[PDB]
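S.K.: Quick one: structure below, then a few questions.
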Amino acid sequence: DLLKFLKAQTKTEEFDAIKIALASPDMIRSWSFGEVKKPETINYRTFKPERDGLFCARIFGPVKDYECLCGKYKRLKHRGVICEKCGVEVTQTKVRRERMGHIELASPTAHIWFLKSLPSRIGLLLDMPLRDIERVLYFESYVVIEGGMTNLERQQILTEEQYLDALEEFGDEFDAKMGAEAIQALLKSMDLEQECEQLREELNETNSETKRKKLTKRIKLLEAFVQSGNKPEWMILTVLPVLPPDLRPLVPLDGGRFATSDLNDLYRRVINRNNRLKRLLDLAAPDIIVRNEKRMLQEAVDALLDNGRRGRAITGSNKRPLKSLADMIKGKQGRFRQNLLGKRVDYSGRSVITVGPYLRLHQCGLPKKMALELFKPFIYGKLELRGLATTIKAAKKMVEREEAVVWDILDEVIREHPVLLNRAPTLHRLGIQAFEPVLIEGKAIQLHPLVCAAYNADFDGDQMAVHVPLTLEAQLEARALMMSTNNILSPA
Amino acid sequence: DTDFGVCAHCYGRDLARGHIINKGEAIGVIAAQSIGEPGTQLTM
Amino acid sequence: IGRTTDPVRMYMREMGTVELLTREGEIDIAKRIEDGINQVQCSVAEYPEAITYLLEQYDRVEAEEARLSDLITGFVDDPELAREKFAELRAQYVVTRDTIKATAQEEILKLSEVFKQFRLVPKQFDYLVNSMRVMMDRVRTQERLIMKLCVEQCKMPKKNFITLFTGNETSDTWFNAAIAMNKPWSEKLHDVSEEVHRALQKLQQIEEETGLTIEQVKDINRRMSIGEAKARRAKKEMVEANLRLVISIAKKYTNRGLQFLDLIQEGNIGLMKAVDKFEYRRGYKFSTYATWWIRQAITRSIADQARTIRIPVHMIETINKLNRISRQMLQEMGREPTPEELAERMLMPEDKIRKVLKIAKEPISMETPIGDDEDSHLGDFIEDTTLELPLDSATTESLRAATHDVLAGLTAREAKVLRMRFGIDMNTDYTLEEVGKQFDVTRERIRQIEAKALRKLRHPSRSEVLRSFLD
Amino acid sequence: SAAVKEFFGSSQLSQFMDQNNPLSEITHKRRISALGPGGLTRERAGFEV
Amino acid sequence: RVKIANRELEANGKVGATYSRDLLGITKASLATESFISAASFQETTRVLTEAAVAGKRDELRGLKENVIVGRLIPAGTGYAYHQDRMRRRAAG
Amino acid sequence: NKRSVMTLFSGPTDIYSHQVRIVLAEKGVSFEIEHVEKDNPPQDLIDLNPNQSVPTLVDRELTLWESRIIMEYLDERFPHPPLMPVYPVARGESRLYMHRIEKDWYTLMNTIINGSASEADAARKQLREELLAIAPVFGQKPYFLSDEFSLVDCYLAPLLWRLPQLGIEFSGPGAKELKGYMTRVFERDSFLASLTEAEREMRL
Amino acid sequence: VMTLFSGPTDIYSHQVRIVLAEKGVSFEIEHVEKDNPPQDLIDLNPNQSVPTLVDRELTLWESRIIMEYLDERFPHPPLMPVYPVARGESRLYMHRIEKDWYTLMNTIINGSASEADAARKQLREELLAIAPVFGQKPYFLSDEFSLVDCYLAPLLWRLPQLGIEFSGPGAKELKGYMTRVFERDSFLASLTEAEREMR
Amino acid sequence: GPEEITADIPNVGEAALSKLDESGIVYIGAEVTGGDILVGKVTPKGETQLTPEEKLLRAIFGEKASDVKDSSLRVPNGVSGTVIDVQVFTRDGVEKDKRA
Amino acid sequence: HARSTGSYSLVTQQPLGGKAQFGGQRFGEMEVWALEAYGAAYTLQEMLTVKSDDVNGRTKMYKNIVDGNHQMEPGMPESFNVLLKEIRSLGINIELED
Amino acid sequence: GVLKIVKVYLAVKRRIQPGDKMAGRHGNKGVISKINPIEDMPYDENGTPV
DNA sequence: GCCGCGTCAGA
DNA sequence: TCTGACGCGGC
DNA sequence: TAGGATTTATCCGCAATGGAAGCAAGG
DNA sequence: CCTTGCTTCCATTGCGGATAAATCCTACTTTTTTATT
Ligand SMILES: [Mg+2]
Ligand SMILES: [Zn+2]
Ligand SMILES: [Zn+2]
């Protein structure tokens with residue numbers, strides 16, 4: 001059919017317009033590969049992971065390439081199989097890097113972002129002051145939901161005794177939950193469209209720029225919710241997705257030292273408190289205990305999503321605050337600023353620069369040893385090409401010996417190949433220029449004098465970095481765009 | 001008048017090169033760099 | 001309220017609104033719990049399935065279809081005692097049960113009395129209460145479906161429906177009598193007459209299993225739940241009164257890996273346990289007892305969820321013993337203990353000590369700021385290991401090409417058996433048996449063939465490229 | 001011992017002796033830092049001090 | 001602007017459309033970019049991502065920072081040609 | 001996207017829908033049991049199955065129908081307990097057994113309810129005599145030509161259960177080993193677990 | 001010796017012959033016409049159907065089963081991947097190709113002319129529409145041609161014989177894939193004279 | 001299993017094990033350069049599971065695929081100096097080797 | 001220092017070293033802006049895709065280099081997949097579209 | 001966890017070379033850039049080169 | 001409606 | 001720190 | 001910041017069978 | 001030049017004590033804490 005074409009089209013990493021939205025509990029379950037039910041990580045004796053823990057082969061794929069956990073399936077015969085002793089599936093261990101898990105929170109829990117990001121999405125959706133919402137989340141005070149046939153507004157909040165005498169009046173036809181469960185009931189029972197029309201009319205009529213401003217803000221958020229199609233009740237977590245264990249690794253160091261990522265500790269306290277909440281709910285505990293447990297579970301989930309917007313849970317035994325998911329995406333040194341941009345680059349070296357004033361404007365002196373390292377794969381190719389080496393492994397041995405032939409080959413692969421030179425604080429675009437290298441003894445990069453002012457360079461210890469453009473397009477860009485002999489006028 | 005960009009005629013020419021600017025040239029970046037590249041040599 | 005976010009504050013504020021209670025109030029509350037629990041015992045004891053099940057279970061353990069201690073935990077006023085007491089119970093039960101034809105209720109009451117003598121395990125007791133619950137749920141689904149059918153399809157008011165259907169729910173007097181009154185909903189009582197009547201019949205059946213009217217079992221289980229609710233409220237009062245004790249005990253264990261609040265929560269668990277298992281009649285004040293469970297639960301939970309790489313509690317006991325002993329040694333010998341010296345103070349085989357010493361190192365964070373708190377932590381110094389060097393990937397690729405072109409040399413049969421013999425460019429390599437079995441000559445020929453191809457390859461001018469391609 | 005050894009090994013003010021001269025050492029020992037516990041920070045302060 | 005070019009192409013459809021230019025500092029002017037990836041990668045990320053989430057935004061990538069993040073040919077300079085061709089392949093077969 | 005624990009779009013009474021269920025029980029693999037209305041599958045799964053046919057299985061990226069394919073997939077994916085022989089001759093033999101059983105008797109089961117009472121009684125007697133003919137072979141090995149529960153049984157049980165629906169009470173030569181074999185496979189735990197309420201309904 | 005009771009042009013027999021040539025094993029081929037099939041076939045196959053194989057103790061009908069048995073007994077070279085999910089998808093394709101397009105060949109031959117040519121148009125548009133698929137990977141969702149090609153390439157071979165020809169775009173990838181398989185030596189050594197007349 | 005410090009290091013020619021004393025340490029006074037083995041150390045290793053082609057290699061050439069991985073300590077590249085001192089600490093209990 | 005290929009980091013798959021084959025040089029923001037200021041799109045792409053992050057593209061590139069054929073397959077930087085997973089691990093559903 | 005440690009001490013005699021940083025005492029820094037042969041250096045009437 | 005104040009982001 | 005913005009509140 | 005006491009499950013070493021060498025003898 | 005065929009000799013999975021691991025239970029009394037540039 002054409003559905004095969006639809007599928008092979010979905011099997012294509014070529015896309016456009018990445019989207020973003022809230023995650024329903026069902027969607028979060030859909031991402032998952034299984035539920036995490038235990039705070040265990042590895043086995044302290046044979047370090048293979050536990051079953052259903054933060055590192056679980058059955059949930060997050062195997063540890064060793066193409067073999068189950070219980071070693072029963074190693075052979076190449078079984079390569080898609082699911083072992084039965086350990087529920088592991090025999091695939092490549094890189095899947096340990098993409099499968100997510102999930103935790104089933106025993107009680108709903110507010111997503112801190114949509115609560116404590118300063119225009120409180122929850123608040124201005126419910127039109128409830130953040131102070132009173134927090135009053136409700138910490139079980140300080142009830143909140144009416146569907147007062148019914150009584151003198152109770154839909155969001156009028158009561159303290160304990162007020163709700164008491166309320167019950168004494170009407171034991172029913174009136175509902176007042178407490179805690180994130182209540183907030184979820186409110187968010188769910190709302191009507192975006194009815195309230196949208198109502199607020200639209202109210203905005204039409206009343207004339208007081210504070211009220212009209214708040215009103216257009218709220219009507220903006222409401223129409224936004226009805227356009228995006230995201231349910232507001234999703235701003236309250238019920239399933240909590242857990243990160244692939246390969247991204248919060250528990251790598252071992254030499255000598256029993258284990259290095260771990262804080263997310264393991266944050267996840268672990270979430271799971272512990274969740275399990276204890278389940279156990280309490282079963283034991284039918286005094287309501288004060290269960291409330292305290294729900295409170296501290298909410299606290300753990302907040303610490304996990306954004307540690308710091310509260311009492312700032314620091315790590316055990318180390319007097320540093322833990323680092324949460326927010327702290328990983330957000331941050332100048334955080335990923336999205338350190339990752340996805342400003343990346344560490346291969347085929348690149350660094351060294352001290354000197355003058356070498358015998359060069360032509362398009363040349364740079366490149367130390368022989370540096371070049372022999374930067375271009376090593378070009379040299380492997382060229383050696384195998386001229387037969388001087390039977391195999392790439394032989395060629396590796398050759399360039400390690402530095403046989404006098406690799407120097408000729410090196411002078412050959414360098415011939416027209418321009419390299420990029422970049423000085424440390426690249427202020428403007430002349431901070432990166434392409435040069436053609438002249439193989440040079442010693443260990444200093446020899447830089448033409450006339451370009452120094454461009455780099456704002458001094459020969460008083462400053463170092464420059466060299467990069468090697470690889471593809472043909474890159475070499476042609478370097479020669480045509482970034483060659484030194486093209487940047488004679490400044491673009492300022 | 002352009003939407004999402006500027007016309008090569010409204011912009012001008014000034015460049016390393018000397019002719020009118022070429023389509024697809026990223027002027028915003030080189031502008032940010034020309035304005036901020038000084039500065040960290042003369043405050044006042 | 002001071003708009004505080006610290007949960008410690010909130011909990012401490014909320015626990016103090018309850019005040020402590022005297023040592024005799026403890027006896028009073030314990031008496032209350034006893035009231036509720038013995039009441040639920042008796043209310044079950046009325047339900048005949050209880051006594052029939054107990055006697056069955058003793059007769060089954062006498063055939064070893066059960067175990068000895070899982071049936072009783074003593075008698076309120078031993079195999080001989082067990083046999084004589086279950087014979088006495090059989091006597092009472094048979095002289096009360098068959099007398100349904102009133103003296104029946106009172107005789108089953110006396111059977112309840114003798115059942116009150118016993119203290120079975122909370123386990124078979126839990127079996128009992130679960131049976132009570134499934135019976136109640138049969139009653140529940142019955143009423144629910146029946147009223148739904150006979151006020152929705154029949155459109156009857158609820159009052160006139162319940163004042164006749166309820167109360168008997170096995171005899172169909174409501175059914176014929178309402179239609180005799182000739183109401184519109186009594187007419188529509190013909191529509192779902194069949195389903196409702198058959199459900200009422202199943203209810204008859206369950207009652208026959210109970211022998212008592214659904215009215216009677218409803219009264220039973222309502223009494224049961226009342227006693228249970230009494231017990232629960234008393235337990236609530238005791239626990240909310242001793243929360244302070246829990247705080248006191250937990251205070252000690254602060255910095256061992258769990259937050260203060262996790263500690264006091266595990267403590268509260270232990271406290272509920274102690275309240276459950278606490279006997280006042282021993283004249284021992286409550287704190288004397290509850291302290292044990294609280295400290296116990298806190299230490300157990302510290303063992304279970306403090307370390308990232310969990311170690312089982314016996315190993316943590318060993319590690320703690322080692323630390324105690326090492327403190328004594330260090331402060332006495334002055335300098336330090338060496339593992340030999342420890343193994344002397346302990347009796348471990350001098351190598352178990354070293355294992356234990358290797359265990360307890362805890363995982364360092366992958367974010368500790370590396371020297372001078374610079375723009376870099378430990379995390380950015382841990383290289384990957386699973387990957388293969390792109391050089392090695394290229395080597396492998398060229399090796400595949402090489403083997404392919406070497407195998408071009410040997411004749412078709414030879415390269416075929418070779419590629420099949422190892423796993424070259426196909427699925428699992430096969431044992432020589434299968435190589436023959438597909439190769440039509442199931443023989444030791446195939447292994448000689450493989451060897452001959454290995455030679456003819458290892459021969460010069462064919463190997464010599466691979467003796468040159470030696471890797 | 002924990003407190004003391006912590007102060008001596010892992011502290012802002014306990015530093016590897018700058019040892020490539022006699023001058024380097026003797027100037028490391030006459031150093032007067034304003035940082036360290038209860039002091040400033042390289043970004044908090046501050047054009048004035 | 002394009003709104004108006006349209007609702008004045010068809011003159012019957014809109015008889016009214018008026019605005020007032022508005023000026024923001026460079027920071028705020030980056031906050032209010034169309035593409036939440038350009039923004040969240042520079043400014044406060046929590047606020048930008050929260051808002052974009054509850055709005056269900058959709059980021060055509062239309063830009064240099066975005067196309068660098070995801071690692072594909074920048075829509076400027078040498079990449080320009082390619083990107084042109086691409087948007088011609090789209091909006092078509 | 002594709003959801004979860006690997007749901008299956010099981011017809012409530014469809015024979016093939018029962019085959020796959022018996023298998024899944026035999027592998028003991030966790031899964032969902034989605035039901036279709038009676039014969040028209042939920043109008044939404046047509047986003048997956050352009051044939052709109054059941055049973056249909058989906059594991060998070062993989063859709064499958066045509067029960068034979070599904071059962072082979074399960075036997076290969078979850079390799080224990082092995083539900084097929086290990087030798088090519090026997091595996092092909094069993095594939096052919098399944099092909100013949102389907103193309104002979106399932107067509108007849110369909111015609112029974114799908115033709116006039118003429119075809120009804122005709123095909124009923126036909127399968128009756130055919131079963132009483134295959135009867136003596138049943139005694140050989142505990143299961144159908146195999147010393148252990150094999151995939152071909154997952155073709156027999158779903159039919160033997162549906163004899164009441166076609167009105168054939170086994171009497172005559174062979175109705176002994178046949179009742180003993182239905183005893184074996186019917187009373188098999190996994191087979192019990194395979195049964196839906198409607199599937200139990202055809203039995204007392 | 002394994003004997004195959006092949007049909008002259010029966011696409012089923014075509015696939016069986018193709019996989020036989022692919023595994024490249026000797027076999028006593030026997031052409032058979034459905035009028036008076038050899039007595040021995042009717043002695044062994046109660047269905048009296050072709051193609052049909054014997055291996056000295058074992059007989060199989062239904063080319064699908066036959067190919068499975070071959071690939072399971074004669075491994076080298078493999079024609080079904082290892083990954084049970086990949087195997088399952090290939091089996092699903094082997095089924096769908098058949099179910100959808102063999103029952104179009106069956107219209108164009110064993111149906112009326114109106115049905116014939118309507119279905120010809122339908123099939124033609126289907127093939128031209130999915131043509132971009134083969135445009136990415138060498139073979140039909142693979143890197144090495146497999147049983148799905150044994151199912152597909154025969155029908156593709158008889159396309160002029162069904163008088164179905166190609167438009168501008170789809171023909172490009174169609175012919176690319178064709179010469180890919182149309183050149184494959186096993187394809188040729190499997191062919192018979194009864195077939196080349198079609199193409 | 002424990003690691004060993006012997007000079008039994010696979011596939012490194014006597015040009016490589018030239019300067020190691022009999023116990024696996026380097027001789028004092030050795031002029032070394034980049035890559036040279038200073039301290040030959042092997043670590044136990046298992047579960048090879050090598051690709052079919054490497055298996056065919058080990059077959060045709062009888063190269064027994066050893067089980068001890070090489071982990072010796074070698075001079076970093078570019079630095080070429082003289083060994084002027086060698087210290088050896090051993091956890092008590094462990095038997096000392098000749099050089100210690 | 002200088003490196004062609006070496007060890008890579010653990011969570012992100014980018015270069016890093018201390019083992020006398022250090023990481024490569026940091027190609028931070030300002031250099032990216034420099035390459036954008038030229039029209040050099042291909043240099044930039046291979047700089048932040050194949051030279052650094054694309055776990056599969058980088059080895060394809062190596063094999064091409066030794067084969068005398070200088071071409072690049074871009075794919076998608078692994079750091080971006082990591083960012084996706086860390087967004088999804090909040091309650092936020094972020095995804096590529098087509 | 002460790003059995004035995006072996007520490008080896010290398011002595012390297014680093015000679016000056018183009019690239020090394022040199023400095024007088026008055027903040028006159030500088031990176032040496034050419035090792036000139038003797039007969040090229042300037043020299044006074046007594047032929048002593050600088 | 002207009003001013004003081006707490007809160008957060010950012011170097 | 002400190003600076004700015006800004007909800008948020010008091011006058 | 002315990003520990004005995006109970007009870008079970010997991011692992012480590014032992015041996016029994018199937019595959020593959022090793023002659024060893026006819027094609 | 002071959003081309004089977006009979007011994008033999010080693011990996012591979014039931015099959016076993018020894019250890020690890022998990023559970024349970026204690027009775028004088030002990031009751032709002034901690035925690036911090
Ligand atoms: Mg300088
Ligand atoms: Zn396994
Ligand atoms: Zn313009």
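Labeling convention for the structure tokens: chains A, B, ... as they appear, residues from 1 per chain, ligands from 1 in order of appearance.
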Please provide as number ranges by chain all residues within 12 Å of residue 11 in chain L, with the sequence filter that same-chain residues fewer than 2 positions apart are discarded (counting only C-alpha atoms (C1' of nucleotides)).
M.R.: K: 1-4; L: 9
S.K.: Can you write out the residues you just picked, keeping N, CA, C and O atoms (P, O5', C5', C4', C3', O3' and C1' of nucleotides), as a PDB file, in the first residue's frame?
M.R.:
ATOM      1  P    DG K   1      -8.764  54.115  37.720  1.00  0.00           P
ATOM      2  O5'  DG K   1      -7.171  53.989  37.566  1.00  0.00           O
ATOM      3  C5'  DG K   1      -6.466  54.838  36.662  1.00  0.00           C
ATOM      4  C4'  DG K   1      -5.784  55.967  37.409  1.00  0.00           C
ATOM      5  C3'  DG K   1      -4.272  56.043  37.230  1.00  0.00           C
ATOM      6  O3'  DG K   1      -3.814  57.372  37.452  1.00  0.00           O
ATOM      7  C1'  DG K   1      -4.766  55.447  39.449  1.00  0.00           C
ATOM      8  P    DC K   2      -2.245  57.714  37.364  1.00  0.00           P
ATOM      9  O5'  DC K   2      -1.708  57.519  38.851  1.00  0.00           O
ATOM     10  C5'  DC K   2      -0.870  58.510  39.424  1.00  0.00           C
ATOM     11  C4'  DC K   2      -0.158  57.966  40.642  1.00  0.00           C
ATOM     12  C3'  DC K   2       1.302  57.550  40.407  1.00  0.00           C
ATOM     13  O3'  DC K   2       2.142  58.179  41.352  1.00  0.00           O
ATOM     14  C1'  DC K   2       0.130  55.872  41.563  1.00  0.00           C
ATOM     15  P    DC K   3       3.732  57.997  41.257  1.00  0.00           P
ATOM     16  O5'  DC K   3       4.092  57.152  42.553  1.00  0.00           O
ATOM     17  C5'  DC K   3       4.218  57.804  43.798  1.00  0.00           C
ATOM     18  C4'  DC K   3       4.525  56.803  44.893  1.00  0.00           C
ATOM     19  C3'  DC K   3       5.943  56.243  44.874  1.00  0.00           C
ATOM     20  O3'  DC K   3       6.402  56.070  46.191  1.00  0.00           O
ATOM     21  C1'  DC K   3       4.409  54.484  44.679  1.00  0.00           C
ATOM     22  P    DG K   4       7.941  55.711  46.477  1.00  0.00           P
ATOM     23  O5'  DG K   4       7.841  54.600  47.609  1.00  0.00           O
ATOM     24  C5'  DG K   4       6.696  53.766  47.661  1.00  0.00           C
ATOM     25  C4'  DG K   4       6.836  52.722  48.744  1.00  0.00           C
ATOM     26  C3'  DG K   4       8.249  52.268  48.998  1.00  0.00           C
ATOM     27  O3'  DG K   4       8.289  51.533  50.203  1.00  0.00           O
ATOM     28  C1'  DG K   4       7.116  50.731  47.611  1.00  0.00           C
TER      29       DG K   4
ATOM     30  P    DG L   9      -0.786  40.982  45.640  1.00  0.00           P
ATOM     31  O5'  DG L   9      -0.181  42.329  46.226  1.00  0.00           O
ATOM     32  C5'  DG L   9       0.955  42.260  47.046  1.00  0.00           C
ATOM     33  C4'  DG L   9       1.122  43.529  47.835  1.00  0.00           C
ATOM     34  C3'  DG L   9      -0.143  44.014  48.528  1.00  0.00           C
ATOM     35  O3'  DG L   9       0.173  44.479  49.823  1.00  0.00           O
ATOM     36  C1'  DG L   9       0.700  45.696  47.132  1.00  0.00           C
TER      37       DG L   9
END
S.K.: For chain B, work out the contacting residues on chain I at 7 Å, counting only C-alpha atoms, and write them as a list in words.
M.R.: residues 33, 36, 37 and 39 of chain I
S.K.: Using only C-alpha atoms (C1' of nucleotides) and all ligand atoms, find each protein or nucleic acid residue lying at most 12 Å from ligand 2; present the set as a PyMOL selection string.
M.R.: (chain A and resi 51+57-58+61-64+66-75+78+81-90) or (chain F and resi 78-80)
S.K.: Which residues form the shell of 7 Å around ligand 3 when you count only C-alpha atoms (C1' of nucleotides) and all ligand atoms, given as a PyMOL selection string?
M.R.: chain B and resi 1-2+6-11
S.K.: Based on the selection just made, write N, CA and C atoms of those residues as a JSON list (two decimals), in the first residue's frame.
M.R.:
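Just written: again-v4.json:
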[["chain", "number", "residue", "atom", "x", "y", "z"],
["B", 1, "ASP", "N", 11.36, 47.00, 2.82],
["B", 1, "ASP", "CA", 10.01, 46.49, 2.76],
["B", 1, "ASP", "C", 9.94, 44.99, 2.89],
["B", 2, "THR", "N", 11.06, 44.29, 2.79],
["B", 2, "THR", "CA", 11.03, 42.85, 2.76],
["B", 2, "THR", "C", 10.47, 42.30, 4.05],
["B", 6, "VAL", "N", 16.18, 41.48, 4.44],
["B", 6, "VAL", "CA", 16.27, 42.80, 3.85],
["B", 6, "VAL", "C", 16.68, 42.63, 2.40],
["B", 7, "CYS", "N", 16.32, 43.61, 1.59],
["B", 7, "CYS", "CA", 16.69, 43.53, 0.19],
["B", 7, "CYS", "C", 18.14, 43.92, 0.04],
["B", 8, "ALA", "N", 18.81, 43.32, -0.93],
["B", 8, "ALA", "CA", 20.21, 43.66, -1.13],
["B", 8, "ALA", "C", 20.39, 45.10, -1.54],
["B", 9, "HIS", "N", 19.33, 45.79, -1.89],
["B", 9, "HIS", "CA", 19.47, 47.18, -2.25],
["B", 9, "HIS", "C", 19.27, 48.10, -1.07],
["B", 10, "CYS", "N", 18.33, 47.78, -0.18],
["B", 10, "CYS", "CA", 18.19, 48.61, 1.00],
["B", 10, "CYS", "C", 19.42, 48.54, 1.87],
["B", 11, "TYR", "N", 20.18, 47.46, 1.80],
["B", 11, "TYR", "CA", 21.30, 47.32, 2.72],
["B", 11, "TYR", "C", 22.46, 48.19, 2.29]]
S.K.: When distances are computed from only C-alpha atoms and all ligand atoms, which of A:463, A:228, A:426, A:307 shows the smallest separation from ligand 1?
M.R.: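 Distance minimum relative to ligand 1 lands on A:463.
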S.K.: Using DSSP on the backbone coordinates, identify the residues of chain E assigned to alpha helix (DSSP H); present them as JSON, numbers by chain.
M.R.: {"E": [2, 3, 4, 5, 6, 7, 8, 9, 26, 27, 28, 29, 30, 31, 36, 37, 38, 39, 40, 45, 46, 47, 48, 49, 50, 51, 52, 53, 54, 55, 64, 65, 66, 67, 68, 69, 78, 79, 80, 81, 82, 83, 84, 85, 86, 87, 88, 89]}
S.K.: How many Å lie between CA of residue 25 in chain G and CA of residue 77 in chain F, rounded to one decimal?
M.R.: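 If I compute the distance from CA of residue 25 in chain G to CA of residue 77 in chain F, I get 29.9 Å.
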S.K.: When you look at residue 7 in chain M with a cut-off of 12 Å (counting only C-alpha atoms (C1' of nucleotides)), what residues show up, excluding the ones that are within fewer than 6 positions of it in the same chain? I need them as a list in words.
M.R.: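 Once the adjacent positions are removed, what remains is residues 21, 22, 23 and 24 of chain N.
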S.K.: Have a look at CA of residue 35 in chain C and CA of residue 281 in chain C and let me know their distance in Å, one decimal.
M.R.: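 CA of residue 281 in chain C lies at a distance of 13.9 Å from CA of residue 35 in chain C.
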S.K.: Find the spatial neighbours of range 148-155 of chain F, counting only C-alpha atoms (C1' of nucleotides), within a cut-off of 8 Å - ignore same-chain residues fewer than 3 positions away - and output them as a list in words.
M.R.: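 So, after excluding close chain neighbours, the residues are residues 19, 20, 22, 23, 82, 83, 84, 85, 94, 97, 98, 101, 102, 142, 143, 144, 158, 159 and 185 of chain F.
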S.K.: Any chance you can output those residues with N, CA and C atoms as a CSV table (one decimal), in the first residue's frame?
M.R.:
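So result_24.csv came out as:
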chain,number,residue,atom,x,y,z
F,19,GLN,N,-6.4,-18.1,18.4
F,19,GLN,CA,-5.1,-18.7,18.2
F,19,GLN,C,-4.0,-17.9,18.8
F,20,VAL,N,-4.0,-16.6,18.4
F,20,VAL,CA,-2.9,-15.7,18.9
F,20,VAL,C,-3.0,-15.6,20.4
F,22,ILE,N,-4.0,-17.9,22.6
F,22,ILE,CA,-3.4,-19.1,23.2
F,22,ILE,C,-1.9,-19.0,23.2
F,23,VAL,N,-1.4,-18.5,22.0
F,23,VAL,CA,0.1,-18.4,21.9
F,23,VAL,C,0.6,-17.5,23.0
F,82,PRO,N,9.8,-23.1,23.4
F,82,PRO,CA,9.8,-23.2,21.9
F,82,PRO,C,8.5,-23.9,21.5
F,83,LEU,N,7.8,-23.2,20.6
F,83,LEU,CA,6.5,-23.7,20.1
F,83,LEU,C,6.6,-24.3,18.7
F,84,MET,N,7.8,-24.5,18.2
F,84,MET,CA,8.0,-25.1,16.9
F,84,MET,C,9.2,-26.1,17.0
F,85,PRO,N,9.3,-27.1,16.1
F,85,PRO,CA,10.4,-27.9,16.1
F,85,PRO,C,11.7,-27.1,15.7
F,94,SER,N,5.4,-28.8,9.9
F,94,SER,CA,4.4,-28.2,10.7
F,94,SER,C,3.7,-27.0,10.1
F,97,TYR,N,1.3,-28.6,8.0
F,97,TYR,CA,0.1,-29.0,8.7
F,97,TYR,C,-0.8,-27.9,9.0
F,98,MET,N,-0.3,-26.8,9.4
F,98,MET,CA,-1.1,-25.6,9.7
F,98,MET,C,-1.8,-25.1,8.4
F,101,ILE,N,-4.6,-27.6,7.7
F,101,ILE,CA,-5.7,-27.6,8.6
F,101,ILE,C,-6.5,-26.3,8.3
F,102,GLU,N,-5.9,-25.2,8.2
F,102,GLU,CA,-6.6,-24.0,7.8
F,102,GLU,C,-7.4,-24.2,6.6
F,142,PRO,N,1.3,-37.3,23.0
F,142,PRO,CA,0.4,-36.6,23.9
F,142,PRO,C,-0.3,-35.5,23.2
F,143,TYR,N,0.4,-34.8,22.3
F,143,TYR,CA,-0.2,-33.7,21.5
F,143,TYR,C,-0.2,-34.1,20.0
F,144,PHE,N,-0.6,-33.2,19.2
F,144,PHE,CA,-0.8,-33.6,17.7
F,144,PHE,C,0.6,-33.8,17.1
F,158,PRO,N,-8.6,-23.9,19.2
F,158,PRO,CA,-9.6,-23.0,18.8
F,158,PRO,C,-10.7,-23.5,18.0
F,159,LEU,N,-10.5,-24.7,17.3
F,159,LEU,CA,-11.5,-25.3,16.6
F,159,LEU,C,-12.3,-26.3,17.4
F,185,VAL,N,-5.4,-30.5,25.8
F,185,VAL,CA,-5.1,-29.1,25.4
F,185,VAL,C,-6.1,-28.1,26.0
